There are 6 protein chains.
Amino acid sequence: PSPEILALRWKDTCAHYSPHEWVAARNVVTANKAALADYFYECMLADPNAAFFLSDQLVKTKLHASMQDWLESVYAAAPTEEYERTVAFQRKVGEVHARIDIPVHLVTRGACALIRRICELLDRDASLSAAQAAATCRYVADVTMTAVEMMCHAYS
Amino acid sequence: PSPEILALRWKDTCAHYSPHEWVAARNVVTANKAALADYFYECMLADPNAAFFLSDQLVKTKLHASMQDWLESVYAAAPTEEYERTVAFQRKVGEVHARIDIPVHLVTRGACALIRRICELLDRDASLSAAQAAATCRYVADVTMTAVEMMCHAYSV
Amino acid sequence: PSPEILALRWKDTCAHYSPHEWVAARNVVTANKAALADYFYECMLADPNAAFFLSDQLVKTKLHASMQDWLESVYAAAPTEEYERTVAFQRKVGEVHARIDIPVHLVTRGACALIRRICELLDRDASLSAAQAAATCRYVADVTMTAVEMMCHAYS
Amino acid sequence: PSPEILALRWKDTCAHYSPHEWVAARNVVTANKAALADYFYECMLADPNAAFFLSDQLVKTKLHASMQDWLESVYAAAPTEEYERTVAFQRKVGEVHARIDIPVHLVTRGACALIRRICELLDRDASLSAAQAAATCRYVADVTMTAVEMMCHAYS
Amino acid sequence: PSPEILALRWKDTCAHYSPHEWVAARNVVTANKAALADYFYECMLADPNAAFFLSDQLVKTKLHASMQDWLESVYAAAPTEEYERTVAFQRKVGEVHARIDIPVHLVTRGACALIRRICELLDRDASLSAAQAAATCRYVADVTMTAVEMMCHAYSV
Amino acid sequence: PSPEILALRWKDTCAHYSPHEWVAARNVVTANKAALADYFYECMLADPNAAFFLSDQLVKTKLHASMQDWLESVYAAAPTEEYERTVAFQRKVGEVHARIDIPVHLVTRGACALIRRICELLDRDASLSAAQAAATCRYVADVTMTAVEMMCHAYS
Ligand code: HEM
Ligand code: HEM
Ligand code: HEM
Ligand code: HEM
Ligand code: HEM
Ligand code: HEM
Ligand SMILES: [Ca+2]
Ligand SMILES: [Ca+2]
Ligand SMILES: [Ca+2]
Ligand SMILES: [Ca+2]
Ligand SMILES: [Ca+2]
Ligand SMILES: [Ca+2]
């Protein structure tokens with residue numbers, strides 16, 4: 001629909017959680033964003049179906065930086081209240097993947113890898129309580145899947 | 001893309017976790033599946049782009065019961081070592097939604113709703129330790145997204 | 001209850017009228033079949049009770065067309081002398097509604113909507129005489145109800 | 001499903017036509033009510049399937065008269081603005097047939113017989129204009145079907 | 001005509017026989033009542049002056065079962081010493097037929113059909129002696145006709 | 001109906017039995033007809049409801065003879081094949097009772113008294129076998145009730 005309609009959805013999704021979850025998510029992600037980019041592309045490059053669209057060269061010189069930026073954007077949206085900008089960036093990214101025919105199932109898997117690795121990182125935070133750590137993991141899955149849904153509008 | 005091939009992916013994804021996460025996840029899912037189906041279709045019926053594809057009759061007499069069996073299938077797979085049947089079922093399910101042109105992002109949102117609600121139930125289990133609940137929640141996200149990935153193979157062509 | 005038996009009833013019902021009524025009805029129905037299905041499904045979709053059994057997807061991609069073919073089949077039966085096939089189609093259609101428990105009074109109401117609209121269209125026909133348009137309306141209601149009766153065997 | 005609710009539907013249905021159609025229909029129906037019940041029960045009694053639910057005693061001493069009053073009630077409703085009472089009577093009538101399992105397709109067929117005969121009688125009316133007789137037939141079918149729909153609520 | 005008064009007539013008519021005729025009659029009737037009802041309505045449905053009053057629906061859903069209970073009532077009366085209830089029931093039944101103007105001679109014919117068929121069954125009982133069968137047959141005619149007499153009080157006015 | 005139609009009914013009713021039953025019935029009745037008349041009117045005269053229409057005088061001078069004649073007629077019909085005459089006599093007798101308003105229930109009781117007494121007489125015949133005695137009692141009830149039914153046509 002409208003990027004104004006989508007911005008509301010994002011904000012509604014994040015509004016289920018307190019700013020404390022937004023911040024814990026955004027901190028663990030900004031501290032580990034390069035290692036999250038590493039983990040993502042080493043998963044992709046190892047799948048011959050996905051390494052069809054990837055190369056070790058294209059990762060180290062472009063996608064690795066693009067992925068870090070994408071992580072920062074996803075997790076700064078609610079803290080900054082920059083909902084309309086992030087949803088526009090998501091539709092731009094989604095449009096790049098549909099144009100070159102990236103299988104949507106591989107986009108789904110990549111989101112799943114990010115969710116898993118962030119949540120494992122949150123688990124070892126120790127500076128978070130158990131309930132705070134659990135609420136934040138649920139927010140991580142929520143907001144990453146929201147971002148991917150925006151991206152996947154380009155496939156319909 | 002053989003189901004024996006895809007079955008290796010389901011099994012590797014589950015093998016990242018101990019059977020104790022498989023079982024904990026399966027018990028909360030199997031005990032709340034009707035509640036989980038309710039949550040799934042009241043989300044969809046709330047969004048008019050997804051309401052387009054649904055009727056109250058269709059949900060009540062078919063999809064509500066089909067959602068519970070889908071949940072049963074996903075969470076029985078690793079404990080029953082029945083990866084190959086489960087992947088053939090997910091592939092067949094995804095082929096039903098692509099044939100009627102259900103937008104893939106709506107399937108994603110549905111997945112997201114299920115993962116959220118199951119992890120909320122896991123969070124109030126009390127019989128799970130903090131560490132066990134968090135590992136079971138990561139399994140729930142992994143295995144549900146793997147299942148949805150198998151469904152969305154039907155959207156590649 | 002054999003299809004050969006019910007076809008007798010269909011044939012007798014239509015033999016009350018001449019071929020000119022069959023042809024005038026079939027003509028107005030074929031020139032207006034999409035609009036008749038439009039009117040049919042806008043009535044059904046606006047009543048919450050009936051809208052309970054319909055998704056807008058089902059209407060647009062399946063029923064809007066199936067209704068057109070149903071109308072075509074009903075008004076071709078007597079002119080093509082295809083009585084036995086038509087009644088067998090009507091019975092199977094009736095069975096689809098009983099199987100999912102479409103309330104029969106909604107099926108009645110829908111038949112009534114088709115009759116009213118077809119007869120309104122027949123009244124605007126300037127190429128037909130007064131007495132011809134009246135006999136044709138009488139036939140329209142007769143053949144439409146006849147088809148609904150066969151659909152309604154499935155509910156006993 | 002309240003009688004107040006269904007009366008809305010009856011009122012809306014009749015408001016599609018003017019009082020002149022209500023009165024012309026009511027007039028032809030009242031001058032011909034015994035003959036209409038004659039035609040109704042001779043059709044039903046000659047079909048063995050329907051004759052299964054009827055004794056000739058029941059027809060002569062009860063139903064031949066009850067059918068006359070049913071016709072009177074249906075065509076008085078809009079002219080007497082008695083919508084709520086009429087729909088409550090229709091519902092109770094419908095319940096008598098469901099209780100003894102009168103097949104609904106026979107009820108449909110009987111409605112169709114009444115519509116055809118009333119509209120034939122309307123076509124022979126020399127005191128009515130062409131366009132008036134056509135609008136009146138359209139109303140006859142509408143109000144007759146409306147009554148049968150209310151009878152048919154009992155079958156769901 | 002009080003039912004206590006009429007009850008004396010039923011009881012005197014039965015007292016002409018021993019309880020062994022009451023019991024023998026009741027057992028053959030109670031064991032064949034569905035068969036007896038069948039015989040009753042295929043007679044009536046065969047005569048067009050009586051078919052006038054009947055529909056296949058009415059027989060199948062109502063009168064077939066009402067005929068068996070009537071048979072039960074008539075043959076339970078003397079053994080249960082419930083004369084007064086039985087006469088009030090017969091009076092109420094006859095009032096239903098006179099109200100719809102069932103010709104009284106048709107009721108008589110129905111009685112005649114029942115008495116014939118029950119006495120034919122009594123005749124092939126084998127566990128009754130010749131003398132016992134004949135006494136039980138005379139009771140069957142007596143008690144069935146007494147019952148029909150109570151019914152036809154409704155035709156006096 | 002027609003006395004020709006009724007004569008057939010009588011003959012059909014008697015045709016269920018062999019001439020041997022007709023003859024055994026007709027013999028025991030002709031040998032005891034005065035004692036059967038006695039038993040009948042001593043039952044009637046003892047009921048004040050029935051002795052309302054009777055007197056000891058009217059019995060000994062008329063009805064007693066009329067009753068014997070009636071018994072002979074009923075039991076000679078099938079042996080003589082005089083079906084049409086007996087049914088005409090039955091309607092004449094029935095017409096006398098309806099004209100003076102004899103309660104039909106007392107006519108029923110009187111037939112029952114005759115049936116009982118004849119069957120008791122047959123039981124002690126000894127010149128009849130058991131099966132022959134049983135078939136004849138069933139014929140006695142059959143033909144007496146047939147006669148009374150004819151008589152009771154006058155009440156409808
Ligand atoms: C959650 C999943 C994913 C995220 C967040 C993501 C992120 C991004 C971003 C931010 C860009 C840059 C867009 C731009 O500069 O306009 C991009 C481009 C690209 N992505 Fe993705 N991506 C995902 C999944 C995938 C997958 C599964 C593949 C499989 C090969 C893939 C292959 C590529 C390629 C080849 C480009 C370069 C496009 C070009 O240079 O023309 N991505 N991605
Ligand atoms: C992860 C998300 C979903 C899951 C697990 C799921 C599960 C299922 C299952 C198990 C069936 C029955 C398959 C069969 O008939 O063999 C089904 C059918 C169906 N689903 Fe879903 N579904 C999902 C998303 C959706 C969404 C988002 C929509 C609509 C907005 C939708 C609409 C339908 C419809 C209309 C059918 C039936 C098609 C028919 O009966 O012809 N589904 N789904
Ligand atoms: C005049 C009355 C009606 C006519 C002539 C009619 C016509 C038809 C026909 C021809 C089909 C066959 C579709 C197929 O087999 O491919 C169908 C199916 C169906 N109709 Fe109707 N219809 C009537 C009334 C209604 C009403 C009142 C409802 C609901 C309010 C309804 C809902 C449906 C549904 C749910 C299906 C099943 C579609 C599916 O799942 O395949 N119909 N109708
Ligand atoms: C247009 C359709 C029909 C109409 C308007 C209609 C009218 C009526 C009405 C008003 C009554 C009420 C009698 C009362 O309550 O006193 C009634 C009862 C009844 N009707 Fe219909 N009828 C229709 C169809 C049929 C059909 C098709 C049958 C059988 C083939 C049937 C058989 C009966 C029966 C058995 C009763 C019950 C009478 C009783 O035992 O009291 N009707 N009808
Ligand atoms: C000895 C002969 C008969 C017996 C024992 C008998 C018995 C009964 C009984 C027990 C009932 C139900 C009473 C009630 O509803 O409370 C009944 C009703 C009825 N009987 Fe008979 N019956 C006899 C003769 C007949 C005959 C000869 C006819 C028609 C030719 C007839 C027609 C009916 C009808 C139409 C009803 C129902 C009236 C209604 O439902 O409104 N009966 N009978
Ligand atoms: C099976 C039962 C009955 C039979 C066979 C029978 C026989 C007859 C016969 C043959 C006649 C002469 C008719 C004639 O000459 O035209 C007659 C007349 C008469 N019967 Fe009956 N009857 C029966 C029941 C009753 C009952 C219950 C009463 C109750 C009082 C009664 C009172 C009379 C009377 C008073 C007459 C004389 C009519 C007159 O003289 O004007 N009968 N009956
Ligand atoms: Ca922790
Ligand atoms: Ca916990
Ligand atoms: Ca015109
Ligand atoms: Ca005219
Ligand atoms: Ca024996
Ligand atoms: Ca003997």
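We use all heavy atoms of the structure for the numbers below, so side chains are in, but hydrogens, waters and symmetry mates are not. Below, chains carry the letters A, B, ... as their sequence lines are ordered, and counting in each starts from 1.
- Proximity of a side-chain donor or acceptor of D:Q57 to a complementary backbone N or O of E:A50 within less than 3.5 Å is not detected.
- Annotation: D:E72, atom CD; neighbour count of heavy atoms from other residues, nucleotides and ligands within 6.0 Å is above 12.
- Rounding to the nearest 0.5 Å gives a distance of 7.0 Å between CZ of D:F52 and OG of E:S55.
- Most heavy-atom pairs under 4.5 Å with chain D: of the set E:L54, E:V59, E:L58, this distinction falls to E:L54.
- Only the side chain of E:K60 has a heavy atom closer than 4.5 Å to any heavy atom of chain D.
- Put simply, OG1 on E:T61 and CZ on D:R99 are 11.0 Å apart, with the number rounded to the nearest 0.5 Å.
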